[PDB]
Structures are given as C-alpha cells and as structure tokens.
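Residue numbers (UniProt numbering), protein chains in the order written: chain U, 9 to 349; chain Z, 8 to 349; chain G, 8 to 349; chain S, 8 to 349.
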C-alpha cells in the first residue's frame, strides 16, 4: 500500500490544512501514546500546491506540523497585511502586484530554512508550478526517478516561493539556478492528488515495481476553496464598473481557474476510482464554514475572525474525523520508509 | 473493435488550420478512395472539442461537411474579430469591456450549425468543454449517450458552442437561460480534450462498447498551431513587479499561460499513459510550431488575410504530407462509424 | 573505428545558448563521470562551425574550455550588441552603415582565443565556413590535416573567426591583409556544417582515417534555436510588391531567409543520406523551437538581459534533458579524441 | 543503366546561352545523325533546373523542342528586362518597389509552355528548385515520379516556373493559390541542381531504377556563363561612406553573391564526389566565360543587344566545338530515354 498526502492551495485558508495536520499529530500522540511524532512520516509521497506545497515541503524537510502551525500563525498577518487586503483598487493593481514577496519569503525561511535543497531530503515530495519562461508546467520533485534528477541543486525555498507565486496576488518567482520565472501551481493542478497518483504509477516504479491503483491511498486535505464561484450579483452586470468587478484585477480569473482545475482533477479522480471500484482509497477532509458564501471565499483574507474560523474548523474536523473515520486511522497506523536517494 | 476519437483543440482563429486540414482530408479522401459526398465526421464515434475546436466538433456532429464548415468559418472568422477592435485594445477600453463581442460569434455559430438543433437531435457523440462560472465546476456538454447524464438534451448546440468559445478576457461569459448559469471558455481546464475524451470513452460510453479498452482506442488530435506558448523573456525580466498592465497584458497572458500549461500537462499525461501501455501508435496528432516571424503574428485575435492564408496553407500541406506518409491516418478513414442511437 | 564531428550553427546570442549548452555538458561530465579539468573540445576529431558557432569552434580547438568561452561571451556579447545600435535601426542608418561595428567583436574574439594563435599551432582539427567575396568561391578555413591542402597554415585563428562571423549586413566584410581578400558570413552557404563535415571527413581524412565510412561516423550538431525561420505573413500578404524597405527588410530578412534555406537543405540531405544508409542514429541534433512569444525577441542580434537569461536557461535545460535521456550523447564522451599531427 | 540528367544553372537573362547551345545541339544532331523532328528532352531521364534554367527545364519536359524555346527566349528576354528599368535601378525606386514587374515574365512563360498544363500531364521527369518564403523551407517542384511525394500533381507548370525564377530583389515573390504560399528564387538554396539531381536519382528515383549507382549516372550541366562572378575590389575598399551603398546594392549584391557561392559549392561537392569515385568523366559541364567581360561585371539582367549576341555566339561556338571534340556529349546523345509512367 502507498500513501499520498496532497494539499491544495488556499492562501490564508492553508491555516485550515496546517491546523488539521497539527491536531491530527496531537490526537495520534495522545491516543496512540507516541513520543516525538512527525506527521510527514506516514506518507510515501507528499505533494502540494501553493501554500499547500509550502506545507508539503515543510513536512518533507522533517518539520512537524505543530512548529509549522506556529510559524504559520505568527507569519499569517505579515504575509497578508490588512493594508494590502484593503485598498486594492484598479489603479494600484494596474501598476504593481498586491502583497510583497519579502514577507512570505521570510515566513518560508523561518519555516524550512534558506540553504536546504531537494538532494538532502529524506522524503519524496512533488510540488507543482507553471514555468512562465517556457510555458510548460514544472514539477519540482526529489530524485526518486533516476531519469528525473534535474532539481537536486535547487533549494527548497526557491520551489516554495515559485509554487506560491499566485499570478495576481504575488509576483513571478525568479530562480537563479534555472534562470527562469515561475508561477502558481494552481493554474495547472490546484488538487495535486490525481497527478500524484499518476507520478506514483509511472515515475517511482523502481521503488514499487507492482504499484496499482488498488494499492494507492490518497489523503487530500483541502482549504475549503472547493465550493468557490462568482456571485450572481456581480456576474449579471457586465456593464461599466460592473465589468471591472467581474474579472476584478486578475484575482477573479485566477480564483475561478484554480477552483476549476481543482474540481476537474478531483472529479476525474473520483470517476477513475469508481471505474476501478475502489472509492475507499481516496480520503478527503473538507467542509464549508457557516455564514460565508461561495464568493465570500477570499484567498488573502487575514482578518482575526477568518483566522479563528479556520482554526476552529480545522480542530473540529480533525477531532470528529479521527473519532468517526477508520481510513484516516489506517493512514496514520504505519510510518513510511525513508526515500534514501 | 476500434473506437475512434476526434480531438479539436481551441485556437479561436487558429481553428482555421484545423478546419482547413479536415476539408483537405475530405477532398483527398474523395480523390484517392473514389468516394462521393464524403463527410469527415462520419468516421468518428466521439468528436471532442474545445472553444473553436468545440464549435467545429459540434458542426461535424450535426452532419455538416468539413468544406462547408471551412467556408462558413472563413467568412465568420473575418467577421468575428474586427480590425477596429483588434487594433484598439489599449487599456482604458479594456477596463470597461471585453475586447470583442459575442454577437458576431453567435451569428457565426448560427450560420455554421443552426439555432434550433439540440443535443437530442444529434446522431453522433460529441463533447463540449466549458467552465461554469455560477457553480465553479467544469461542465461537459455531451450527447445523451449515457442514461445517467442526460441534462443536455434540452440545450441547443448554439448555447454550448457559445459557452465553450467565450474566453475570459476576449468575450463576456455566455449566459444560458435554461440553466440560469454563466459559462466561460473550456480551455481554462482542458484546451486539449483528447485525455478527457479517452476517459469518457472508457467510462461514459460503455453502453455501446461494453468491452472497450484503452488499447483499441484511436485518437486524432488536430491541433491549432498553438502547441507551445511562452511569456516574453524581456517582459519577465523588466516588468515582473507590475501586475495586470505589463507582465499580464490585461489578463491575456494569464489566460494564454493557463491554456498552454494545462494543455501541455494533459498531453504529457496522455503520452505517458500511452507509452506505459506500449500503444503510442494509437495517438496521431497534427501540429507544427510556428516559426519566428509568424509565431508573434498568428494569435487568437487576428483575422488578417496573411494569417488566414498562412493557416490555410499550413493545413493543406500538413494534411497532404500526413495522408501520404502516415498509415494510421489512412486506417482512421479506412472504414465508417455507425451513428449512435439515443 | 569511430569518428566524431562537432558542428555549430550561427545565430548571434544563440551562440551564447550554444556555449551555455556546451558548458553545462562539461559540468555534467565533471560531476557524473568524475573527471578533473575536462574540456568539451577534447572528444572530437573534427570541430566545425559557422559565424558565432565558428568562433566557438575555433576557441574550443585552440584548447580553451567551454566554461571559459561562456564566461567571456556573456560580457563580450553584452558589449558586442549595444542596446543603442539595436534601437535606432531605421532605414537611413542601415542604408549608410552596417548595424554594428566590428571592433567590439574583434576585442571579444581576442579575449576568447587571442591574437597570435594560428592554424598551424592547433592540436585538434577544425573546419570553418566562409564566403570569399573577392573571388566568389566559398572559403573553408581549416588547420591543414591534409598534406595536399595546407593553404591556411599561416592564417591566424582570430582572422578566420572574424571572417566567418562577418554577416553581410549585421557586420562589415572582414579584410584579411595576408590574402588581400574580403570575406563574409559562412551561413550564406552553410548554416549547418554537418553535411560538409561528413564530406570533409570522407575526403580530407583519408590519411588519418583510411577506412572512413558513414556508418562509423557520429555527429553532434548543437543547434542555436534557429531551426525554422519564415517571413512574417502580413508582410508577404500586403507588401510583397514593395522594395527593400518593407519586404526583404534589409540584409536582416534576406540573409536570415537564405541561411534558413541552406540549413534546411543541408539537414535534409544529411537525413536522407543517413536514412539510405540506415544509420539514422549517427546524427544527434540538440535544438528546439521558440514559442509564440520569445520569438520576436530571441533574434539574431538581441543581447538584452532578458534574452540572455532565457537563452542561458534554455541551454541549461536542454543540456540536462538531452544528456539524461539520450544514450548517444553519453556515448559521445566515453573516450577522448587523439590529437592530430600536422 | 545510362541515366542522363540535364541541369541548368540560373542565369536570368544569361539563360539565352544555355538555350542557344541546346538548340544548336539539336541542329547538329539533325544534321549529323540524319534524324528528323529531334527533341532534346527525350535524351534525358531527368531535367533539373533553377530560375530561367528551371523555366527551360520545364519547357523541355513539356516536350517542346529547344528551337521553339530559343525563339521564345530571343523575344521574351528583351521583353522581360526593359532598358528603362535596367538603367533606372537607382536607389529610392528599388527601396520602394522592385526592379522588374512579373507580368512580362508571366507572359513569357505562358507563350513558352502555356497556362493550364500541370505536372501530372508531363511525360519526362523534372525537378524545379525554389524557396518557400511562407514556411522558410526549400520547395522542390517535381513530377509525380515517386509515389511518396506527389503533392505537385495539381500544380500548373507556369506557377512553378514563375516561383523558381522569382529573384529576391529582382522580382516580387510568386504567390501560388493552390498552396497559398509565397516562393522565391531557387538560386538562393541551389543554383547548381546537378548535385540534388544526382541525389534524387540515387535515393528518390528508385521506383523505376532499383539498381542505381553513381558510376552509371551521367550529368550534362549546361551553365549560363556566370560562374566567375565576384565583387569588384574597389566596391570592397569603399565600404565606409557613400561607397557603402554600392556594396550590397539594396540586396542585389547579396543575392548575386549567395547564388554564385551556392553554385560553386554544389559544383565543388559534385566534383569531389566524382573524383573520389573516379567517375569525373560522367560530369560534362558545358560552359566557358566570354572573353569580353570583366569577372566583376557579370550581371543578371543585361538585355542589351551586345550581351545577347555575345551569348548567342558563345553558345553556338561552344556547342560546335564540344560536339566536335568531346566524345562524352556524343555518348550522351545516342539513344532516346524511355518515358516514365506515373
């Protein structure tokens, strides 16, 4: 059996992902009576996208979900300042990109470091990004495929910065080693679960020479951005200032895209699993916050109320799902094996 | 048996290359096989498509010939993308409206296909790739060839064609009155519908092919001369601090980058799966990389006579060369396909 | 036995792409194969080139390393093609002058190879293509390596490098004082000197390699991202009846189309010959086409920071994948090449 | 196996020498072998050509005798290159427009062969060389003598003749409606089609010649007395100020140098191959430069009476002398080559 952990991209909503992971760590430590546990040791491949990809890199580097959550908590208000979330306007966003790359760069530096590279990792990890300099999607992965060993000298922080560089919400990330600019991985796969299974079946065939979909279990942790849509009130204007709010300043296009690719990847994965008559393998933990609408889902809302709501949702979902669900426990039954390049 | 799929990528004007290649294939089929009144859409069980590729797929499924579609699309592509609106892009106008309007495209679809023909009237299976901006999910307009999914029966073909051809920035989101929803371009999720077409054949068309396998599936992916796209390196070097205006060009670069990246991803997965199955000969794709001075010219915006001439010449040359060389292209049309019964 | 030929095309800063690819190859051998002080030019019995490719060929044959040439060429190419001379091209400036002065290229070549080195002191065979304007016949600069033809024995390497890179309009014709003859770019006759390299090995190498046959010959044609080049469709459609200004946009368009034609023709003959001899694996070409954008900017003489960055990245990526997946590339560097005795 | 090829090398107005020589050879055949209604086309299995050489090759492949072509040449040569346009090359006119209109040359070709005969109607194999400006690749019009390449069946001979003789700076590019592409002179990529003709016979014309080797192939490459073109040294020296306009005379010198160097390279490679195979007697290049013309004054569009009479006299004298002494022409002109079937 092969366990895959895939994290979607949600921006501030990645607080839900990290809180769920930390609460699962705590629940395992108490109920199973373990000592000094790490939640990244229960997955054979930890994919991710955007801040989900950042968390995946953090888990692969050996950092536990609790210190990761603490770093997220301290850096959440600095990555996504209130002064930037408010006062967007068309004129400001037509001349620059909202939010700066320095704050989340410092956050990632405190998260994983600055000199760590893909070669030193002991866990398999596959991030997703769009290479703006060529147009082909770029998948930063550890040298688990002997043919795919062109990222050993690339630092983890560079990949994390590249995959989290949303088209409008940030700026494209320049990688010095490759001399190429990269964009957010949500433009190709906001749900890296399906491409994760594809990579497991086709790429890491040396480690597992008889890997089949029946032996692949995926724990996809979302950011509650699945049920995103453009609100009908702003959709049915298409006139003057109404059109300016239709596509906003790029954010509407990017968010609608990322939601659409997430939906398509999850949907085709579900159809494939049903065709294989194996639906227990795909385990997903998602919900919808009350009092928030489909279009109220914002990728950069760092208000205290939203942070508290994400914290509570993560805690309650982790507790309830571990209490009632059996597949999550079977996920967190046996620790995985080191990649050992 | 042998299940054949027609994949038509989305390229707006660049679908002229695909339609010209299909018309030329029909003509050489008639010339060499000594047939008559041939239709390129009668040899395909499923006809996938996206954007202008989706419109062409709907036209072929509706029984129209490739040559009539080619002529109508020539006139309508001249009409849809005016030079007045193409040259007058700027940014003040683009902040208050889309670059083009849907009315010329609606007239184009009506002339090429019709207005009253619905998915139930079709005798050929056809896909339409689109994104629903009201529910946030991708909607795949299909013929009622699966009893479980039949919601498209009371939807006109023109509605689906306008839904799939409504690019985010180029066109306004098309409104469907029956579903009370707004739809956007299908290239946002799948600009190369070959992979989703294969998946649909495997899972959603087992009623007519109970023992359908990926091994005996034939895919003909007619590209739109847009296999590779990139962002200008000088723009990335100098303006990678300025959003929208510069580094995105009113979101045109956003849309194009998303389309190119997801098409590349889907093509890569399709190729890897076929190679793993050792059936790489089952996939036939026609596409060329446009050279230096013409690549920066032929885009999804221009109806200039030069671009149309280049697209038509490339289509004719590619059709002739591939028909003469590739045997698989011959076996694609060696036999017809039985129309599906709802 | 086995004979290896290195052939480089000419594209300007695409020469920087080529030298980046060669330097990354050298680094890959240094790391994976565990070799110290490795020069990429030690594994070829003949190293041909044209224009900037010819300059790199002469540098490698003189005994320099690929990394040294890359480090020199980055700064010297930022110097060779100033943004100033690029910006004001107009039509009167090009009617009274060439685009660039040859002095920056002169100092560049002096930095790479030198000024006192001659063809007689070389240890590895090198072939350089050029056109003799004074006599009309093409001139093929080469270290003798043949008792019957040692004309270029007393000719400096730097003079040949300046002559082969002297584009008809981008530069002025180089004047060799020793021969009292002017010379032009070798790309007018051979942008891709692979077929000519085959002929030279099969003819000139009859003493060093008596049993010379095409089946025991391997070619590594490192392209310079200039495989395809076609004139813009708008100019052909509209101003096909106009003069030098619009159509045939000076030596730029004329020479670019000419070099593209010869490159395609020579590669066509080489591929057809290798198919006839069923040794198609003996030709290894490392090249790729540029997408819609990065096409109007990655040009013959565009030494901008973004363009250089893109070329460097493309070279690194192509080097990595082509060394990883191609067995022929690794087989090229398994054994060194014996230096030739004059 | 005595395969014979008739290759003609460009020349523009200077094709009068080649046509006069061929007509005189016909006359001497009739006057010496006592034969009647002798055509020179059927003594050659393949008739290659380029520019006006390609026009004459198409005329001979159509079945016309060399005398009718010679008379049509004597009229249409002075009808094609007006003295008004020749004396008015100038510089602003050539910057705005081209030197010569294509209507006189179109009328010349129509009066020579016609306007409706296509490549399929021919009974003799023929290769016509041109460069495709729309795709930047060399296009080789040929009769359907190879089943693999048969895309030229529905192409009129007049269109191919116009395309192959469309010099870059002299005539406007020819736009063929059937292929929807613009074409340029074939002399840019191959001004001496002897080598490509031998390659075609070796590896393309194999359906009717399964047992073919270079030792049993004979080529009669009739030049056009322009093999010694060179740039005048004073123009090379004056390339700084107002004299730099003379160098690269609005691209005319560029194209002339490219054609001269290309023909020299092709002849040089063919001679190398034949001497390596010791079959140099199979190559009969029938040309000899006039002794009343500077090597640097070898133009391409001199329609004056003196040049025409010099070409006529040179052709007659060369034909007479070479049939008197050279036994290779006599061995060439013994039997009629069997016509081929499509």
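Beta carbons are placed, not taken as given, at the ideal position from N, Cα and C, and that holds for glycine.
Extent of the continuous beta strand (DSSP E) run through residue i
i	result
residue 149 of chain Z	145-149
residue 138 of chain Z	132-139
residue 29 of chain G	From DSSP, residue 29 of chain G is part of no beta strand (DSSP E) but of the alpha helix (DSSP H) over 21-39.
residue 190 of chain U	188-191
residue 182 of chain G	181-183
Contact with chain G by residue i, beta-carbon distance below 7 Å
i	result
residue 257 of chain S	yes
residue 134 of chain U	no
residue 242 of chain S	no
residue 28 of chain S	no
Opposing strand residues paired with residue i [DSSP bridges]
i	result
residue 226 of chain U	U:12, U:290
residue 153 of chain U	U:156
residue 56 of chain Z	Z:15
Proximity test, Cβ basis, 7 Å: residue i and chain Z
i	result
residue 293 of chain G	no
residue 137 of chain S	no
residue 44 of chain U	no
residue 198 of chain G	no
residue 125 of chain U	no
C-alpha gap between residue i and residue j, whole angstroms
i	j	result
residue 163 of chain U	residue 117 of chain U	11 Å
residue 205 of chain Z	residue 290 of chain Z	11 Å
residue 269 of chain S	residue 201 of chain S	12 Å
residue 212 of chain U	residue 343 of chain U	19 Å
residue 247 of chain Z	residue 180 of chain U	6 Å
residue 230 of chain S	residue 15 of chain G	33 Å
residue 36 of chain G	residue 171 of chain G	30 Å
residue 169 of chain U	residue 112 of chain U	8 Å
residue 79 of chain G	residue 53 of chain G	23 Å
residue 49 of chain G	residue 119 of chain G	17 Å
residue 236 of chain Z	residue 257 of chain Z	17 Å
residue 281 of chain U	residue 336 of chain Z	33 Å
Where the alpha helix (DSSP H) through residue i begins and ends
i	result
residue 76 of chain S	73-87
residue 254 of chain G	Neither: residue 254 of chain G is in no alpha helix (DSSP H) and is coded neither H nor E.
residue 101 of chain U	98-103
residue 313 of chain G	312-332
residue 303 of chain S	No alpha helix (DSSP H) contains residue 303 of chain S, which DSSP labels as neither H nor E.
residue 212 of chain Z	Neither: residue 212 of chain Z is in no alpha helix (DSSP H) and is coded neither H nor E.
residue 166 of chain G	164-171
CB contact below 7 Å: residue i versus chain S
i	result
residue 210 of chain G	yes
residue 337 of chain Z	no
residue 319 of chain Z	yes
Test item: CB-CB of residue i and residue j under 7 Å
i	j	result
residue 190 of chain S	residue 137 of chain S	yes
residue 135 of chain U	residue 148 of chain U	yes
residue 215 of chain S	residue 347 of chain S	yes
residue 63 of chain S	residue 326 of chain S	no
residue 317 of chain U	residue 20 of chain U	no
residue 239 of chain Z	residue 301 of chain G	yes
residue 210 of chain G	residue 279 of chain S	yes
Short CB-CB distance (under 7 Å) between residue i and chain U
i	result
residue 331 of chain G	yes
residue 276 of chain Z	yes
Below 7 Å between beta carbons is the criterion; list the residues of the stretch 220-240 of chain Z that meet it against any residue of chain C, in chain order. This model lacks chain C altogether; the protein chains it does include are U, Z, G and S.
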